[PDB]
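The structure file coords.cif is reproduced below (mmCIF, C-alpha atoms).
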```cif
data_start
#
loop_
_atom_site.group_PDB
_atom_site.id
_atom_site.type_symbol
_atom_site.label_atom_id
_atom_site.label_comp_id
_atom_site.auth_asym_id
_atom_site.auth_seq_id
_atom_site.Cartn_x
_atom_site.Cartn_y
_atom_site.Cartn_z
ATOM 1 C CA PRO L 1 -39.424 -148.367 -18.925
ATOM 2 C CA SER L 2 -42.974 -147.070 -18.533
ATOM 3 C CA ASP L 3 -42.229 -143.374 -18.845
ATOM 4 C CA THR L 4 -44.228 -140.381 -20.058
ATOM 5 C CA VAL L 5 -42.559 -137.029 -19.515
ATOM 6 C CA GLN L 6 -42.631 -134.805 -22.602
ATOM 7 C CA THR L 7 -39.001 -134.945 -23.643
ATOM 8 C CA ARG L 8 -38.172 -134.899 -27.336
ATOM 9 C CA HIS L 9 -38.595 -138.592 -27.827
ATOM 10 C CA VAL L 10 -36.267 -140.894 -25.871
ATOM 11 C CA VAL L 11 -32.994 -141.868 -27.517
ATOM 12 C CA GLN L 12 -30.987 -141.499 -30.745
ATOM 13 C CA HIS L 13 -31.261 -143.315 -34.056
ATOM 14 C CA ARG L 14 -31.315 -147.098 -34.050
ATOM 15 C CA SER L 15 -30.287 -147.826 -37.653
ATOM 16 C CA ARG L 16 -32.637 -146.933 -40.563
ATOM 17 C CA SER L 17 -30.519 -147.650 -43.641
ATOM 18 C CA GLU L 18 -33.015 -149.619 -45.724
ATOM 19 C CA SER L 19 -35.581 -146.872 -45.387
ATOM 20 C CA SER L 20 -33.338 -144.244 -47.002
ATOM 21 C CA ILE L 21 -34.425 -142.537 -50.229
ATOM 22 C CA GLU L 22 -31.915 -144.456 -52.359
ATOM 23 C CA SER L 23 -33.126 -147.826 -50.994
ATOM 24 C CA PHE L 24 -36.817 -146.825 -51.003
ATOM 25 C CA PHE L 25 -36.903 -146.525 -54.830
ATOM 26 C CA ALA L 26 -34.072 -149.051 -55.592
ATOM 27 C CA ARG L 27 -36.631 -151.604 -56.705
ATOM 28 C CA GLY L 28 -37.364 -151.961 -60.432
ATOM 29 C CA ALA L 29 -41.018 -152.226 -61.320
ATOM 30 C CA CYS L 30 -42.787 -152.911 -64.633
ATOM 31 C CA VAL L 31 -43.768 -149.709 -66.343
ATOM 32 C CA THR L 32 -45.471 -150.958 -69.516
ATOM 33 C CA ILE L 33 -45.802 -153.912 -71.929
ATOM 34 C CA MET L 34 -45.082 -153.227 -75.588
ATOM 35 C CA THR L 35 -46.262 -155.807 -78.093
ATOM 36 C CA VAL L 36 -44.629 -156.159 -81.485
ATOM 37 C CA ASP L 37 -44.491 -158.799 -84.264
ATOM 38 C CA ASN L 38 -43.001 -159.651 -87.699
ATOM 39 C CA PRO L 39 -46.042 -159.875 -89.962
ATOM 40 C CA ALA L 40 -45.621 -161.344 -93.445
ATOM 41 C CA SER L 41 -49.240 -160.208 -93.314
ATOM 42 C CA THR L 42 -50.017 -156.480 -93.825
ATOM 43 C CA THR L 43 -51.267 -155.860 -90.226
ATOM 44 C CA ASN L 44 -50.944 -152.052 -90.341
ATOM 45 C CA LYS L 45 -52.006 -152.021 -86.679
ATOM 46 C CA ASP L 46 -49.259 -153.944 -84.843
ATOM 47 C CA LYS L 47 -47.184 -153.400 -88.024
ATOM 48 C CA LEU L 48 -43.820 -154.288 -86.527
ATOM 49 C CA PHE L 49 -43.382 -151.012 -84.546
ATOM 50 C CA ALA L 50 -44.870 -150.171 -81.157
ATOM 51 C CA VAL L 51 -44.211 -146.793 -79.588
ATOM 52 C CA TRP L 52 -44.702 -145.971 -75.934
ATOM 53 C CA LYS L 53 -44.161 -142.568 -74.293
ATOM 54 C CA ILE L 54 -41.939 -142.974 -71.173
ATOM 55 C CA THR L 55 -44.294 -142.154 -68.326
ATOM 56 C CA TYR L 56 -44.474 -143.565 -64.838
ATOM 57 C CA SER B 1 -53.707 -114.220 13.849
ATOM 58 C CA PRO B 2 -53.478 -111.939 10.846
ATOM 59 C CA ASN B 3 -52.865 -108.763 12.851
ATOM 60 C CA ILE B 4 -51.316 -106.494 10.204
ATOM 61 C CA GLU B 5 -51.655 -102.804 9.374
ATOM 62 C CA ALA B 6 -50.043 -102.038 5.992
ATOM 63 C CA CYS B 7 -50.970 -98.439 5.295
ATOM 64 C CA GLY B 8 -54.744 -98.145 4.859
ATOM 65 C CA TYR B 9 -55.626 -96.643 1.478
ATOM 66 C CA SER B 10 -53.537 -97.087 -1.627
ATOM 67 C CA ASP B 11 -49.811 -96.349 -2.323
ATOM 68 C CA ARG B 12 -48.489 -98.148 -5.399
ATOM 69 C CA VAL B 13 -49.971 -100.293 -8.151
ATOM 70 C CA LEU B 14 -47.671 -103.171 -8.954
ATOM 71 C CA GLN B 15 -48.938 -105.420 -11.777
ATOM 72 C CA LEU B 16 -48.358 -109.191 -11.919
ATOM 73 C CA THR B 17 -47.981 -110.321 -15.540
ATOM 74 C CA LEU B 18 -47.389 -114.044 -15.705
ATOM 75 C CA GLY B 19 -47.462 -115.103 -19.316
ATOM 76 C CA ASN B 20 -50.632 -114.026 -21.103
ATOM 77 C CA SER B 21 -52.323 -112.974 -17.845
ATOM 78 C CA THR B 22 -51.983 -109.518 -16.217
ATOM 79 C CA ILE B 23 -53.340 -108.635 -12.800
ATOM 80 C CA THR B 24 -52.800 -105.143 -11.367
ATOM 81 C CA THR B 25 -52.488 -105.815 -7.671
ATOM 82 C CA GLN B 26 -53.603 -103.194 -5.059
ATOM 83 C CA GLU B 27 -49.908 -103.072 -4.153
ATOM 84 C CA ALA B 28 -48.568 -106.627 -3.773
ATOM 85 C CA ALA B 29 -47.279 -106.593 -0.150
ATOM 86 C CA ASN B 30 -49.074 -108.492 2.660
ATOM 87 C CA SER B 31 -48.698 -112.063 1.480
ATOM 88 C CA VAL B 32 -49.095 -115.211 3.595
ATOM 89 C CA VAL B 33 -47.296 -118.391 2.708
ATOM 90 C CA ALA B 34 -49.177 -121.413 4.012
ATOM 91 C CA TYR B 35 -47.111 -123.040 6.795
ATOM 92 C CA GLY B 36 -44.151 -121.055 5.438
ATOM 93 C CA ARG B 37 -43.555 -123.448 2.571
ATOM 94 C CA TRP B 38 -43.169 -122.548 -1.096
ATOM 95 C CA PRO B 39 -44.511 -124.676 -3.959
ATOM 96 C CA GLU B 40 -41.490 -126.635 -5.212
ATOM 97 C CA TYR B 41 -40.922 -129.397 -7.748
ATOM 98 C CA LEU B 42 -41.159 -133.082 -6.788
ATOM 99 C CA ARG B 43 -37.801 -134.079 -5.294
ATOM 100 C CA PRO B 44 -41.448 -135.063 -14.994
ATOM 101 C CA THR B 45 -43.163 -132.937 -17.679
ATOM 102 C CA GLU B 46 -43.016 -129.247 -16.734
ATOM 103 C CA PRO B 47 -45.403 -127.066 -18.900
ATOM 104 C CA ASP B 48 -44.037 -123.883 -17.166
ATOM 105 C CA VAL B 49 -45.428 -120.344 -18.057
ATOM 106 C CA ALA B 50 -47.900 -122.025 -20.473
ATOM 107 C CA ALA B 51 -49.527 -123.872 -17.548
ATOM 108 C CA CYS B 52 -48.379 -121.167 -15.032
ATOM 109 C CA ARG B 53 -50.593 -118.139 -15.849
ATOM 110 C CA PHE B 54 -53.440 -116.391 -13.949
ATOM 111 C CA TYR B 55 -56.949 -117.775 -14.532
ATOM 112 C CA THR B 56 -59.780 -115.811 -12.937
ATOM 113 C CA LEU B 57 -62.882 -117.498 -11.600
ATOM 114 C CA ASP B 58 -66.401 -116.089 -11.366
ATOM 115 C CA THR B 59 -66.676 -112.923 -9.330
ATOM 116 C CA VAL B 60 -69.283 -113.519 -6.570
ATOM 117 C CA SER B 61 -71.392 -110.761 -4.988
ATOM 118 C CA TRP B 62 -71.256 -110.086 -1.248
ATOM 119 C CA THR B 63 -74.598 -108.778 0.004
ATOM 120 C CA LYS B 64 -76.125 -108.163 3.476
ATOM 121 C CA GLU B 65 -77.609 -111.721 3.483
ATOM 122 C CA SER B 66 -74.483 -113.578 2.244
ATOM 123 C CA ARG B 67 -73.528 -116.531 4.418
ATOM 124 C CA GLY B 68 -70.329 -117.216 2.472
ATOM 125 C CA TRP B 69 -68.716 -119.142 -0.396
ATOM 126 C CA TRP B 70 -66.292 -122.036 -0.947
ATOM 127 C CA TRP B 71 -64.295 -123.560 -3.792
ATOM 128 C CA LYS B 72 -62.200 -126.638 -4.471
ATOM 129 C CA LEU B 73 -58.751 -127.021 -5.999
ATOM 130 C CA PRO B 74 -57.861 -128.206 -8.526
ATOM 131 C CA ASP B 75 -61.601 -128.563 -9.337
ATOM 132 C CA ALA B 76 -62.373 -124.843 -9.925
ATOM 133 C CA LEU B 77 -59.554 -124.608 -12.435
ATOM 134 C CA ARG B 78 -60.698 -127.725 -14.383
ATOM 135 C CA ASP B 79 -62.359 -125.531 -17.038
ATOM 136 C CA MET B 80 -59.365 -123.213 -17.566
ATOM 137 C CA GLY B 81 -57.464 -123.580 -20.824
ATOM 138 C CA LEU B 82 -54.129 -125.337 -20.516
ATOM 139 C CA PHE B 83 -54.233 -126.293 -16.825
ATOM 140 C CA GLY B 84 -57.709 -127.779 -17.405
ATOM 141 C CA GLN B 85 -56.409 -129.929 -20.288
ATOM 142 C CA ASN B 86 -53.360 -131.073 -18.333
ATOM 143 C CA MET B 87 -55.744 -132.085 -15.566
ATOM 144 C CA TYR B 88 -57.857 -134.325 -17.829
ATOM 145 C CA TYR B 89 -54.966 -135.605 -19.923
ATOM 146 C CA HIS B 90 -52.871 -137.052 -17.117
ATOM 147 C CA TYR B 91 -53.180 -139.610 -14.288
ATOM 148 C CA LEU B 92 -50.669 -137.729 -12.179
ATOM 149 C CA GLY B 93 -50.566 -134.044 -11.239
ATOM 150 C CA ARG B 94 -49.160 -132.029 -8.413
ATOM 151 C CA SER B 95 -49.478 -128.252 -8.468
ATOM 152 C CA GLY B 96 -49.570 -125.448 -5.917
ATOM 153 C CA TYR B 97 -51.786 -122.344 -5.932
ATOM 154 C CA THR B 98 -51.311 -118.634 -5.443
ATOM 155 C CA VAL B 99 -54.822 -117.681 -4.377
ATOM 156 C CA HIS B 100 -54.962 -113.944 -4.623
ATOM 157 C CA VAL B 101 -58.390 -112.762 -3.455
ATOM 158 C CA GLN B 102 -59.033 -109.091 -4.153
ATOM 159 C CA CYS B 103 -61.938 -107.132 -2.848
ATOM 160 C CA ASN B 104 -62.764 -103.538 -3.712
ATOM 161 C CA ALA B 105 -65.184 -101.250 -1.867
ATOM 162 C CA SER B 106 -65.379 -97.592 -0.926
ATOM 163 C CA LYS B 107 -64.209 -95.798 2.155
ATOM 164 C CA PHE B 108 -67.904 -95.937 2.991
ATOM 165 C CA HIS B 109 -68.270 -99.734 3.185
ATOM 166 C CA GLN B 110 -67.486 -101.767 6.294
ATOM 167 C CA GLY B 111 -66.903 -105.474 6.833
ATOM 168 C CA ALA B 112 -64.507 -108.361 7.256
ATOM 169 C CA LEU B 113 -63.879 -111.121 4.717
ATOM 170 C CA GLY B 114 -61.666 -113.905 6.005
ATOM 171 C CA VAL B 115 -60.149 -116.298 3.559
ATOM 172 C CA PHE B 116 -59.534 -119.739 5.089
ATOM 173 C CA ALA B 117 -57.660 -122.267 3.033
ATOM 174 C CA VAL B 118 -58.595 -125.689 4.384
ATOM 175 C CA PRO B 119 -56.447 -128.682 3.336
ATOM 176 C CA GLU B 120 -58.668 -131.669 2.536
ATOM 177 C CA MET B 121 -61.878 -129.825 3.269
ATOM 178 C CA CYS B 122 -64.574 -132.503 3.339
ATOM 179 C CA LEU B 123 -67.999 -130.825 3.570
ATOM 180 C CA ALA B 124 -70.803 -131.573 6.001
ATOM 181 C CA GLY B 125 -71.934 -135.151 6.482
ATOM 182 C CA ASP B 126 -71.661 -136.268 10.096
ATOM 183 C CA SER B 127 -71.508 -139.674 8.384
ATOM 184 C CA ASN B 128 -68.146 -140.768 9.707
ATOM 185 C CA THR B 129 -68.995 -144.325 8.841
ATOM 186 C CA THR B 130 -68.938 -142.817 5.394
ATOM 187 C CA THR B 131 -67.532 -139.462 4.118
ATOM 188 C CA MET B 132 -67.509 -138.455 0.355
ATOM 189 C CA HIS B 133 -71.338 -139.104 0.269
ATOM 190 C CA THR B 134 -72.546 -136.110 -1.789
ATOM 191 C CA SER B 135 -71.977 -137.051 -5.461
ATOM 192 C CA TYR B 136 -68.914 -135.955 -7.489
ATOM 193 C CA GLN B 137 -70.924 -133.122 -9.038
ATOM 194 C CA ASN B 138 -72.547 -132.074 -5.724
ATOM 195 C CA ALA B 139 -69.018 -132.045 -4.321
ATOM 196 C CA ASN B 140 -67.368 -130.364 -7.334
ATOM 197 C CA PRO B 141 -69.115 -127.055 -8.134
ATOM 198 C CA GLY B 142 -66.178 -125.980 -10.357
ATOM 199 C CA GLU B 143 -65.638 -122.385 -11.392
ATOM 200 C CA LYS B 144 -69.052 -121.220 -10.213
ATOM 201 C CA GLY B 145 -68.475 -122.349 -6.610
ATOM 202 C CA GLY B 146 -70.785 -123.456 -3.789
ATOM 203 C CA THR B 147 -72.358 -121.524 -0.936
ATOM 204 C CA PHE B 148 -72.550 -121.793 2.880
ATOM 205 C CA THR B 149 -75.870 -121.619 4.804
ATOM 206 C CA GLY B 150 -77.261 -120.597 8.207
ATOM 207 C CA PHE B 151 -74.748 -130.167 -0.494
ATOM 208 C CA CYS B 152 -75.496 -128.143 2.667
ATOM 209 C CA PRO B 153 -72.551 -126.692 4.642
ATOM 210 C CA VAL B 154 -73.294 -124.908 7.945
ATOM 211 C CA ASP B 155 -71.186 -121.727 8.149
ATOM 212 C CA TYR B 156 -70.652 -121.540 11.926
ATOM 213 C CA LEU B 157 -69.363 -125.107 11.774
ATOM 214 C CA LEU B 158 -67.238 -124.161 8.722
ATOM 215 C CA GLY B 159 -69.459 -126.740 7.065
ATOM 216 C CA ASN B 160 -67.678 -129.638 8.792
ATOM 217 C CA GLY B 161 -68.689 -129.775 12.508
ATOM 218 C CA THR B 162 -65.848 -127.521 13.788
ATOM 219 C CA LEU B 163 -66.584 -123.971 15.090
ATOM 220 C CA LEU B 164 -65.428 -121.206 12.682
ATOM 221 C CA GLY B 165 -63.837 -119.460 15.651
ATOM 222 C CA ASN B 166 -61.153 -122.095 15.484
ATOM 223 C CA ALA B 167 -60.875 -122.009 11.675
ATOM 224 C CA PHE B 168 -57.986 -119.640 12.227
ATOM 225 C CA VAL B 169 -55.754 -122.701 12.731
ATOM 226 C CA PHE B 170 -55.540 -123.073 8.926
ATOM 227 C CA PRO B 171 -53.502 -120.651 6.779
ATOM 228 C CA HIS B 172 -55.534 -117.454 6.348
ATOM 229 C CA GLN B 173 -55.724 -113.644 5.984
ATOM 230 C CA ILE B 174 -58.565 -111.362 6.956
ATOM 231 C CA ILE B 175 -59.464 -108.809 4.261
ATOM 232 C CA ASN B 176 -60.862 -106.216 6.629
ATOM 233 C CA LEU B 177 -62.301 -103.508 4.343
ATOM 234 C CA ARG B 178 -60.826 -100.584 6.324
ATOM 235 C CA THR B 179 -57.393 -102.174 5.860
ATOM 236 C CA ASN B 180 -56.364 -104.093 2.729
ATOM 237 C CA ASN B 181 -58.368 -104.717 -0.368
ATOM 238 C CA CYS B 182 -56.135 -107.666 -1.257
ATOM 239 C CA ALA B 183 -55.428 -111.038 0.439
ATOM 240 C CA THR B 184 -52.639 -113.322 -0.671
ATOM 241 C CA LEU B 185 -52.402 -117.049 -0.092
ATOM 242 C CA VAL B 186 -49.752 -119.340 -1.503
ATOM 243 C CA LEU B 187 -50.628 -122.946 -0.722
ATOM 244 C CA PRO B 188 -47.945 -125.549 -1.386
ATOM 245 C CA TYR B 189 -48.881 -129.012 -2.592
ATOM 246 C CA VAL B 190 -50.277 -130.962 0.368
ATOM 247 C CA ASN B 191 -51.290 -134.568 0.021
ATOM 248 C CA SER B 192 -50.710 -137.946 1.590
ATOM 249 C CA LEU B 193 -48.779 -138.965 -1.571
ATOM 250 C CA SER B 194 -45.885 -137.625 -3.653
ATOM 251 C CA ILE B 195 -48.048 -136.826 -6.682
ATOM 252 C CA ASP B 196 -51.738 -137.663 -7.272
ATOM 253 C CA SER B 197 -54.884 -138.086 -9.385
ATOM 254 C CA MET B 198 -56.138 -134.504 -9.658
ATOM 255 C CA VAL B 199 -59.583 -135.387 -11.052
ATOM 256 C CA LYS B 200 -60.490 -137.473 -7.946
ATOM 257 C CA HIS B 201 -58.779 -136.023 -4.878
ATOM 258 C CA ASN B 202 -59.161 -132.305 -3.899
ATOM 259 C CA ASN B 203 -55.937 -130.923 -2.467
ATOM 260 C CA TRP B 204 -57.340 -127.613 -1.195
ATOM 261 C CA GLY B 205 -60.423 -125.684 -0.168
ATOM 262 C CA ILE B 206 -60.613 -121.930 -0.397
ATOM 263 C CA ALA B 207 -63.523 -120.797 1.794
ATOM 264 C CA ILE B 208 -64.392 -117.113 2.049
ATOM 265 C CA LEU B 209 -66.729 -116.429 4.950
ATOM 266 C CA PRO B 210 -68.120 -113.136 6.268
ATOM 267 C CA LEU B 211 -66.668 -112.312 9.692
ATOM 268 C CA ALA B 212 -68.329 -108.872 9.998
ATOM 269 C CA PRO B 213 -71.565 -108.013 8.084
ATOM 270 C CA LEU B 214 -71.629 -105.574 5.154
ATOM 271 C CA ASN B 215 -72.780 -102.065 5.907
ATOM 272 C CA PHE B 216 -72.822 -99.432 3.223
ATOM 273 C CA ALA B 217 -73.267 -95.757 4.138
ATOM 274 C CA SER B 218 -76.895 -94.519 3.857
ATOM 275 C CA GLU B 219 -77.430 -95.425 0.206
ATOM 276 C CA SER B 220 -74.673 -96.713 -2.065
ATOM 277 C CA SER B 221 -73.885 -99.958 -3.902
ATOM 278 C CA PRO B 222 -76.223 -102.562 -2.370
ATOM 279 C CA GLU B 223 -73.425 -105.111 -2.886
ATOM 280 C CA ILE B 224 -69.729 -105.262 -3.607
ATOM 281 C CA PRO B 225 -67.828 -107.939 -5.477
ATOM 282 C CA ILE B 226 -65.107 -110.431 -4.548
ATOM 283 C CA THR B 227 -62.731 -111.851 -7.093
ATOM 284 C CA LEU B 228 -60.640 -115.028 -6.970
ATOM 285 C CA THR B 229 -57.540 -115.241 -9.055
ATOM 286 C CA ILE B 230 -55.633 -118.497 -8.811
ATOM 287 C CA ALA B 231 -52.485 -119.687 -10.539
ATOM 288 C CA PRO B 232 -50.834 -123.124 -10.704
ATOM 289 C CA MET B 233 -47.360 -122.947 -9.096
ATOM 290 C CA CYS B 234 -44.613 -125.365 -10.204
ATOM 291 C CA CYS B 235 -46.959 -127.694 -12.081
ATOM 292 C CA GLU B 236 -45.977 -131.203 -13.169
ATOM 293 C CA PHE B 237 -47.833 -134.095 -14.719
ATOM 294 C CA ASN B 238 -47.042 -137.666 -15.867
ATOM 295 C CA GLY B 239 -47.684 -138.696 -18.586
ATOM 296 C CA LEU B 240 -49.780 -137.667 -21.547
ATOM 297 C CA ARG B 241 -52.309 -140.199 -22.850
ATOM 298 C CA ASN B 242 -53.670 -140.275 -26.420
ATOM 299 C CA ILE B 243 -54.408 -136.559 -26.472
ATOM 300 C CA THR B 244 -57.917 -137.964 -26.076
ATOM 301 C CA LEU B 245 -59.381 -135.240 -28.274
ATOM 302 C CA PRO B 246 -62.977 -134.585 -27.176
#
```
Rewrite the structure of this file - the entire thing - as C-alpha cells.
Amino acid sequence: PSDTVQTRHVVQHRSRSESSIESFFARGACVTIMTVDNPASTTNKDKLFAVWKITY
Amino acid sequence: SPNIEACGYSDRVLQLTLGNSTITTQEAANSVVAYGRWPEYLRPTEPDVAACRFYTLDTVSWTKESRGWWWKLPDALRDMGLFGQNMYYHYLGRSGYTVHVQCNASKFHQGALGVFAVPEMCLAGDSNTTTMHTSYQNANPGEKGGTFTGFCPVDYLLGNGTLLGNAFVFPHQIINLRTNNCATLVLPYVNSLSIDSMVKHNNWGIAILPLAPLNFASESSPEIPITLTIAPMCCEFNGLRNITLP
C-alpha cells in the first residue's frame, strides 16, 4: 500500500504489448495527396502525371 | 564519572575516513557509548555511506569569559549536504550520532571542557504550563549554535532549572586538557516513538560547558578552539516526496 522506501520500483512488468515498437507504428497514416486527370484539354500543369518524392 | 587516564600526550594518529570525509583522530581510544547502546536499524530507505559521512560544524572559540555552548540534533546538521536534504525531503527519519568533540591546546593551557549530551533538552522557560515557547528559530540555532549565560539559558542550571553538578547523570566525557584532547560520544536514537519528524522534534542536545576556567601560561594564544564533528549513524527515512526542488 502506501509505501515509500527507495527500492527499484515495486514489482515486475504488468503487460505492455500494445506499446511495443511494432504496434506503436503499425498504424497507416496519409502521407500525401496526388492529383491527376485525363485532359482532352492541353493543361500542361496537371497534364496527366503527378510526381511526389516519398518523404514522411 | 568519567575517571579515565589514557596516557597523557600523544601516541598514535588513527584516521577515520567514512566516505568522502577524513578525520585524523588524536588516537581514537576513550569512547563513551550513551547508555551502552549502539545506533541500530529500526526493528526502509537506507542511504548508507552517502548519508553516513562526517560533517563538521563551526569551530567555536573558548576564551576566559566563555560561559559555554549548546547545539541541537538533528538541527545543526540540517544544512549539511545529503543528510540535510534527507531531513527536508522526508516525513520520517531516525538517525544516531557519533559526536566526536576534539580540542587542541598546548602543554601550557589548563582547563576542563565537559560534553553533556542531554536527551530532549528543552531550554530555559520555567513556563511549565507551556514549554517550547521560544520560536522555532530562537530554538534552532543550526550549525552556528547558541550560547549559555551567567533564548537565555543559565549555565549553572544547565539552562533548564537543574544544577550542572547533577548534569553528570546524562552520558558525558570530560575533556580535561592535561588528559585527552578528544571526547567521543555515540548517542543512539532516543525518542518516544519508533521513527519521527526530524524537522520538528529534537532528539539530542550536545552542550559543552566549561568546568574549569582557561588559563594560558604568561602570554600565549588568548583563546583555543573546540571542534564538533558529528556523523549520522544507521540513518533511515520514509519516504521521498516530490524531490521538492528548491
- Message: Near chain B, meaning an atom within 7 Å, which residues of chain L appear when counting all atoms listed in the file? Write them as a list in words.
- Response: residues 4, 5 and 6 of chain L
- Got a sec to resolve the PyMOL selection byres ((chain B and resi 191) around 12) on this structure and send the residues as an MDAnalysis selection string? chainID B and resid 93:96 119:120 187:190 192:198 201:204
- Message: Just the number, please: distance in Å from CA of residue 89 (chain B) to CA of residue 234 (chain B), one decimal.
- Response: 17.5 Å
Padding 6 Å on every side, please: axis-aligned box over the listed atoms of region 93-104 of chain B, centre and edge lengths to one decimal in Å, as lines of an AutoDock Vina configuration file.
```
center_x = -56.0
center_y = -118.8
center_z = -7.0
size_x = 25.6
size_y = 42.5
size_z = 20.4
```
- Query: So which residues get picked by the PyMOL selection byres ((chain L and resi 53) around 12) here, written as a ChimeraX atom specification?
  - Reply: /L:31-34,50-52,54-56
- Query: Can you tell me how far CA of residue 218 (chain B) sits from CA of residue 183 (chain B), in Å to one decimal?
  - Reply: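 Separation between CA of residue 218 (chain B) and CA of residue 183 (chain B): 27.3 Å.
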- Message: Starting from the PyMOL selection byres ((chain B and resi 99-101) around 7), expand the selection into actual residues of this file and give them as a PyMOL selection string.
- Response: chain B and resi 97-98+102-103+182-186+227-231
Keeping C-alpha atoms for every residue in the selection just given, could you write it to a file as a short mmCIF file (atom, residue, chain, number, x, y, z; two decimals), in the coordinates of the input?
```cif
data_model
loop_
_atom_site.label_atom_id
_atom_site.label_comp_id
_atom_site.auth_asym_id
_atom_site.auth_seq_id
_atom_site.Cartn_x
_atom_site.Cartn_y
_atom_site.Cartn_z
CA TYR B 97 -51.79 -122.34 -5.93
CA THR B 98 -51.31 -118.63 -5.44
CA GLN B 102 -59.03 -109.09 -4.15
CA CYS B 103 -61.94 -107.13 -2.85
CA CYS B 182 -56.14 -107.67 -1.26
CA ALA B 183 -55.43 -111.04 0.44
CA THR B 184 -52.64 -113.32 -0.67
CA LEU B 185 -52.40 -117.05 -0.09
CA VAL B 186 -49.75 -119.34 -1.50
CA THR B 227 -62.73 -111.85 -7.09
CA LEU B 228 -60.64 -115.03 -6.97
CA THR B 229 -57.54 -115.24 -9.06
CA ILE B 230 -55.63 -118.50 -8.81
CA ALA B 231 -52.48 -119.69 -10.54
#
```
